[PDB]
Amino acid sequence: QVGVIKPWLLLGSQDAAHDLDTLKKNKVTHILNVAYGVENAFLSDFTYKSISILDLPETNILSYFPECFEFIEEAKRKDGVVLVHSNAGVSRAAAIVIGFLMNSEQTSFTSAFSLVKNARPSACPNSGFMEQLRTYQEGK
């Protein structure tokens, strides 16, 4: 099961990313793989971007944002749909989408996390990612 964040932005797991039929039913055009060592299964069928991220509280998730957000926007600009996934999709892909909403809509952490969790109930960034997200764009 995938969560709909925006009409063009989905959040899920590696199993979602491995379901070709469902991806095409969902009008997916772009897949952002922010796990580590998860195979991109359908190379001739979508545009992929892979950015290796580890689900550790000492990983700085904020550092991956410019490249992730560029690709998410590429899909929007092309009038497509991007699935952002990790392995379970609980922590890494959730944190990227939370950050994406904070950055693009200037939304607060608590509002962005609420939106994502409502769409995707499994969303639970690790404690490091959680604290990083709280801090994100404060200065801004």
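One rule holds for the numbers: they count along the sequence shown, beginning at 1.
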* Where do the C-alpha atoms have the higher mean temperature factor in this entry, in 50 to 58 or in 102 to 110? -> 102 to 110
* To do: Determine, for stretches 74 to 82 and 88 to 96, which one has the higher mean CA B-factor as deposited.
  => 74 to 82
* Structure fact -> Tertile call for residue 41 (CA temperature factor, within chain, third-based) is the highest
* Could you look up the Cα B-factor of residue 121 in the entry and say which third of the chain it sits in: lowest, middle or highest? => highest
* Which third, lowest, middle or highest, does the CA B-factor of residue 34 fall in along this chain? -> lowest
* Should residue 22 be placed in the lowest, middle or highest third of its chain by the C-alpha B factor in the entry? -> highest
* **Assigned third (lowest, middle, highest) for the C-alpha B factor of residue 133** => lowest
